[PDB]
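Next comes work.cif, a file with mmCIF, N, CA, C and O atoms; chains and numbers go by the auth columns.
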```cif
data_start
#
loop_
_atom_site.group_PDB
_atom_site.id
_atom_site.type_symbol
_atom_site.label_atom_id
_atom_site.label_comp_id
_atom_site.label_asym_id
_atom_site.label_seq_id
_atom_site.Cartn_x
_atom_site.Cartn_y
_atom_site.Cartn_z
_atom_site.B_iso_or_equiv
_atom_site.auth_seq_id
_atom_site.auth_asym_id
ATOM 1 N N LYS A 1 -13.065 -27.894 -25.670 0.00 1 A
ATOM 2 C CA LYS A 1 -12.405 -27.279 -26.852 0.00 1 A
ATOM 3 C C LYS A 1 -11.572 -28.308 -27.613 0.00 1 A
ATOM 4 O O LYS A 1 -10.361 -28.152 -27.765 0.00 1 A
ATOM 5 N N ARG A 2 -12.232 -29.359 -28.088 0.00 2 A
ATOM 6 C CA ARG A 2 -11.553 -30.412 -28.834 0.00 2 A
ATOM 7 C C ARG A 2 -10.481 -31.077 -27.976 0.00 2 A
ATOM 8 O O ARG A 2 -9.431 -30.492 -27.713 0.00 2 A
ATOM 9 N N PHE A 3 -10.755 -32.304 -27.541 0.00 3 A
ATOM 10 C CA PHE A 3 -9.814 -33.047 -26.712 0.00 3 A
ATOM 11 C C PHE A 3 -9.571 -32.327 -25.389 0.00 3 A
ATOM 12 O O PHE A 3 -8.872 -31.315 -25.338 0.00 3 A
ATOM 13 N N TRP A 4 -10.156 -32.855 -24.317 0.00 4 A
ATOM 14 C CA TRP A 4 -10.007 -32.264 -22.992 0.00 4 A
ATOM 15 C C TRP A 4 -9.170 -33.164 -22.086 0.00 4 A
ATOM 16 O O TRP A 4 -9.681 -34.124 -21.509 0.00 4 A
ATOM 17 N N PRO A 5 -7.864 -32.868 -21.947 0.00 5 A
ATOM 18 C CA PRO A 5 -6.961 -33.659 -21.104 0.00 5 A
ATOM 19 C C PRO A 5 -7.398 -33.683 -19.645 0.00 5 A
ATOM 20 O O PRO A 5 -7.753 -34.733 -19.109 0.00 5 A
ATOM 21 N N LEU A 6 -7.367 -32.521 -19.009 0.00 6 A
ATOM 22 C CA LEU A 6 -7.757 -32.402 -17.608 0.00 6 A
ATOM 23 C C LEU A 6 -8.493 -31.089 -17.358 0.00 6 A
ATOM 24 O O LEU A 6 -8.390 -30.504 -16.280 0.00 6 A
ATOM 25 N N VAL A 7 -9.232 -30.630 -18.361 0.00 7 A
ATOM 26 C CA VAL A 7 -9.983 -29.386 -18.251 0.00 7 A
ATOM 27 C C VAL A 7 -11.270 -29.571 -17.445 0.00 7 A
ATOM 28 O O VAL A 7 -11.559 -28.781 -16.546 0.00 7 A
ATOM 29 N N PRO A 8 -12.068 -30.614 -17.752 0.00 8 A
ATOM 30 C CA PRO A 8 -13.323 -30.872 -17.043 0.00 8 A
ATOM 31 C C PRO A 8 -13.105 -31.525 -15.680 0.00 8 A
ATOM 32 O O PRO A 8 -13.992 -31.510 -14.826 0.00 8 A
ATOM 33 N N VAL A 9 -11.923 -32.101 -15.481 0.00 9 A
ATOM 34 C CA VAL A 9 -11.599 -32.759 -14.222 0.00 9 A
ATOM 35 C C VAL A 9 -10.764 -31.859 -13.311 0.00 9 A
ATOM 36 O O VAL A 9 -10.443 -32.234 -12.184 0.00 9 A
ATOM 37 N N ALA A 10 -10.411 -30.674 -13.801 0.00 10 A
ATOM 38 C CA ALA A 10 -9.612 -29.737 -13.018 0.00 10 A
ATOM 39 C C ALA A 10 -10.270 -29.425 -11.678 0.00 10 A
ATOM 40 O O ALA A 10 -9.602 -29.014 -10.731 0.00 10 A
ATOM 41 N N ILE A 11 -11.586 -29.621 -11.599 0.00 11 A
ATOM 42 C CA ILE A 11 -12.320 -29.351 -10.369 0.00 11 A
ATOM 43 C C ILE A 11 -12.321 -30.559 -9.433 0.00 11 A
ATOM 44 O O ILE A 11 -13.060 -30.592 -8.450 0.00 11 A
ATOM 45 N N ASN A 12 -11.479 -31.541 -9.733 0.00 12 A
ATOM 46 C CA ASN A 12 -11.376 -32.738 -8.908 0.00 12 A
ATOM 47 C C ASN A 12 -10.061 -32.733 -8.133 0.00 12 A
ATOM 48 O O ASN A 12 -9.970 -33.291 -7.039 0.00 12 A
ATOM 49 N N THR A 13 -9.048 -32.095 -8.711 0.00 13 A
ATOM 50 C CA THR A 13 -7.736 -32.008 -8.080 0.00 13 A
ATOM 51 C C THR A 13 -7.449 -30.583 -7.614 0.00 13 A
ATOM 52 O O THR A 13 -6.683 -30.371 -6.673 0.00 13 A
ATOM 53 N N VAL A 14 -8.065 -29.607 -8.276 0.00 14 A
ATOM 54 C CA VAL A 14 -7.871 -28.206 -7.923 0.00 14 A
ATOM 55 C C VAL A 14 -8.857 -27.774 -6.844 0.00 14 A
ATOM 56 O O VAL A 14 -8.564 -26.890 -6.038 0.00 14 A
ATOM 57 N N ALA A 15 -10.025 -28.406 -6.831 0.00 15 A
ATOM 58 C CA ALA A 15 -11.055 -28.093 -5.851 0.00 15 A
ATOM 59 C C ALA A 15 -10.648 -28.558 -4.458 0.00 15 A
ATOM 60 O O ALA A 15 -10.976 -27.920 -3.457 0.00 15 A
ATOM 61 N N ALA A 16 -9.930 -29.675 -4.401 0.00 16 A
ATOM 62 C CA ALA A 16 -9.476 -30.232 -3.132 0.00 16 A
ATOM 63 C C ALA A 16 -8.611 -29.235 -2.371 0.00 16 A
ATOM 64 O O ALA A 16 -8.730 -29.096 -1.154 0.00 16 A
ATOM 65 N N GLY A 17 -7.738 -28.545 -3.097 0.00 17 A
ATOM 66 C CA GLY A 17 -6.864 -27.569 -2.474 0.00 17 A
ATOM 67 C C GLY A 17 -7.631 -26.419 -1.852 0.00 17 A
ATOM 68 O O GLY A 17 -7.359 -26.022 -0.719 0.00 17 A
ATOM 69 N N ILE A 18 -8.592 -25.882 -2.596 0.00 18 A
ATOM 70 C CA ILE A 18 -9.402 -24.771 -2.115 0.00 18 A
ATOM 71 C C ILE A 18 -10.295 -25.204 -0.956 0.00 18 A
ATOM 72 O O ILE A 18 -10.515 -24.446 -0.013 0.00 18 A
ATOM 73 N N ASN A 19 -10.803 -26.428 -1.037 0.00 19 A
ATOM 74 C CA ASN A 19 -11.672 -26.964 0.004 0.00 19 A
ATOM 75 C C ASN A 19 -10.889 -27.859 0.961 0.00 19 A
ATOM 76 O O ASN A 19 -11.386 -28.894 1.405 0.00 19 A
ATOM 77 N N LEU A 20 -9.663 -27.452 1.273 0.00 20 A
ATOM 78 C CA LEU A 20 -8.812 -28.217 2.177 0.00 20 A
ATOM 79 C C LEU A 20 -8.787 -27.583 3.564 0.00 20 A
ATOM 80 O O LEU A 20 -8.764 -28.280 4.577 0.00 20 A
ATOM 81 N N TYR A 21 -8.792 -26.254 3.601 0.00 21 A
ATOM 82 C CA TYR A 21 -8.772 -25.524 4.863 0.00 21 A
ATOM 83 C C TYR A 21 -9.969 -25.897 5.730 0.00 21 A
ATOM 84 O O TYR A 21 -9.809 -26.365 6.858 0.00 21 A
ATOM 85 N N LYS A 22 -11.168 -25.683 5.197 0.00 22 A
ATOM 86 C CA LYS A 22 -12.392 -25.996 5.923 0.00 22 A
ATOM 87 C C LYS A 22 -12.493 -27.491 6.213 0.00 22 A
ATOM 88 O O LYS A 22 -13.073 -27.899 7.219 0.00 22 A
ATOM 89 N N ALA A 23 -11.926 -28.301 5.325 0.00 23 A
ATOM 90 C CA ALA A 23 -11.955 -29.750 5.487 0.00 23 A
ATOM 91 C C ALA A 23 -11.097 -30.190 6.666 0.00 23 A
ATOM 92 O O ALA A 23 -11.526 -30.991 7.496 0.00 23 A
ATOM 93 N N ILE A 24 -9.883 -29.658 6.733 0.00 24 A
ATOM 94 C CA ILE A 24 -8.961 -29.992 7.808 0.00 24 A
ATOM 95 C C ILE A 24 -9.196 -29.131 9.041 0.00 24 A
ATOM 96 O O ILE A 24 -8.471 -29.224 10.032 0.00 24 A
ATOM 97 N N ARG A 25 -10.214 -28.300 8.965 0.00 25 A
ATOM 98 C CA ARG A 25 -10.572 -27.411 10.058 0.00 25 A
ATOM 99 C C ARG A 25 -11.987 -27.675 10.551 0.00 25 A
ATOM 100 O O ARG A 25 -12.505 -26.965 11.413 0.00 25 A
ATOM 101 N N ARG A 26 -12.599 -28.700 9.994 0.00 26 A
ATOM 102 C CA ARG A 26 -13.955 -29.082 10.357 0.00 26 A
ATOM 103 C C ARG A 26 -14.280 -30.485 9.850 0.00 26 A
ATOM 104 O O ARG A 26 -15.257 -30.689 9.129 0.00 26 A
ATOM 105 N N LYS A 27 -13.451 -31.452 10.234 0.00 27 A
ATOM 106 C CA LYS A 27 -13.651 -32.836 9.822 0.00 27 A
ATOM 107 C C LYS A 27 -14.629 -33.547 10.749 0.00 27 A
ATOM 108 O O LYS A 27 -15.004 -32.951 11.782 0.00 27 A
#
```
Let me see whether you can do it: turn the structure in this file into structure tokens.
Amino acid sequence: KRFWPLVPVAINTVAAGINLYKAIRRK
């Protein structure tokens, strides 16, 4: 939507949080 600060990359820092439980529970 015209100039994307961290909209398309939000899944790089926000995804880590959601995929942290299984990550730290199945490394």
* Asked: Rounded to one decimal in Å, what is the spacing between CA of residue 5 in chain A and CA of residue 21 in chain A?
  ->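 Computing it gives 27.3 Å between the two atoms.
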* Rounded to one decimal place, report the CA of residue 24 in chain A-CA of residue 12 in chain A distance in Å. =>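 Interatomic distance here is 17.1 Å.
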Report as AutoDock Vina command-line options the centre and the edge lengths, in Å to one decimal, of the axis-aligned box holding every listed atom of range 9-27 of chain A, padded by 8 Å on each side.
```
--center_x -11.0 --center_y -29.0 --center_z -1.8 --size_x 24.6 --size_y 25.1 --size_z 43.3
```
* **Length of the atom C of residue 13 in chain A to CA of residue 27 in chain A vector [Å]** =>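 So the two atoms, atom C of residue 13 in chain A and CA of residue 27 in chain A, lie 18.6 Å apart.
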* To do: Looking only at helix (DSSP H, G or I) from DSSP on the backbone, list the matching residues of chain A as a VMD selection string.
  => chain A and resid 10 to 18
Save out the residues we just selected, N, CA, C and O atoms, as an mmCIF file, in the frame of the given file.
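Okay, this is what ended up in result.cif:
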```cif
data_model
loop_
_atom_site.group_PDB
_atom_site.id
_atom_site.type_symbol
_atom_site.label_atom_id
_atom_site.label_comp_id
_atom_site.auth_asym_id
_atom_site.auth_seq_id
_atom_site.Cartn_x
_atom_site.Cartn_y
_atom_site.Cartn_z
ATOM 1 N N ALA A 10 -10.411 -30.674 -13.801
ATOM 2 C CA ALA A 10 -9.612 -29.737 -13.018
ATOM 3 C C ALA A 10 -10.270 -29.425 -11.678
ATOM 4 O O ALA A 10 -9.602 -29.014 -10.731
ATOM 5 N N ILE A 11 -11.586 -29.621 -11.599
ATOM 6 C CA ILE A 11 -12.320 -29.351 -10.369
ATOM 7 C C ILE A 11 -12.321 -30.559 -9.433
ATOM 8 O O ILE A 11 -13.060 -30.592 -8.450
ATOM 9 N N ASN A 12 -11.479 -31.541 -9.733
ATOM 10 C CA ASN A 12 -11.376 -32.738 -8.908
ATOM 11 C C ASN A 12 -10.061 -32.733 -8.133
ATOM 12 O O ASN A 12 -9.970 -33.291 -7.039
ATOM 13 N N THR A 13 -9.048 -32.095 -8.711
ATOM 14 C CA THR A 13 -7.736 -32.008 -8.080
ATOM 15 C C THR A 13 -7.449 -30.583 -7.614
ATOM 16 O O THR A 13 -6.683 -30.371 -6.673
ATOM 17 N N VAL A 14 -8.065 -29.607 -8.276
ATOM 18 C CA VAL A 14 -7.871 -28.206 -7.923
ATOM 19 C C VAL A 14 -8.857 -27.774 -6.844
ATOM 20 O O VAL A 14 -8.564 -26.890 -6.038
ATOM 21 N N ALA A 15 -10.025 -28.406 -6.831
ATOM 22 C CA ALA A 15 -11.055 -28.093 -5.851
ATOM 23 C C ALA A 15 -10.648 -28.558 -4.458
ATOM 24 O O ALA A 15 -10.976 -27.920 -3.457
ATOM 25 N N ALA A 16 -9.930 -29.675 -4.401
ATOM 26 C CA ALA A 16 -9.476 -30.232 -3.132
ATOM 27 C C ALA A 16 -8.611 -29.235 -2.371
ATOM 28 O O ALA A 16 -8.730 -29.096 -1.154
ATOM 29 N N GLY A 17 -7.738 -28.545 -3.097
ATOM 30 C CA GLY A 17 -6.864 -27.569 -2.474
ATOM 31 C C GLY A 17 -7.631 -26.419 -1.852
ATOM 32 O O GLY A 17 -7.359 -26.022 -0.719
ATOM 33 N N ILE A 18 -8.592 -25.882 -2.596
ATOM 34 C CA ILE A 18 -9.402 -24.771 -2.115
ATOM 35 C C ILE A 18 -10.295 -25.204 -0.956
ATOM 36 O O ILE A 18 -10.515 -24.446 -0.013
#
```
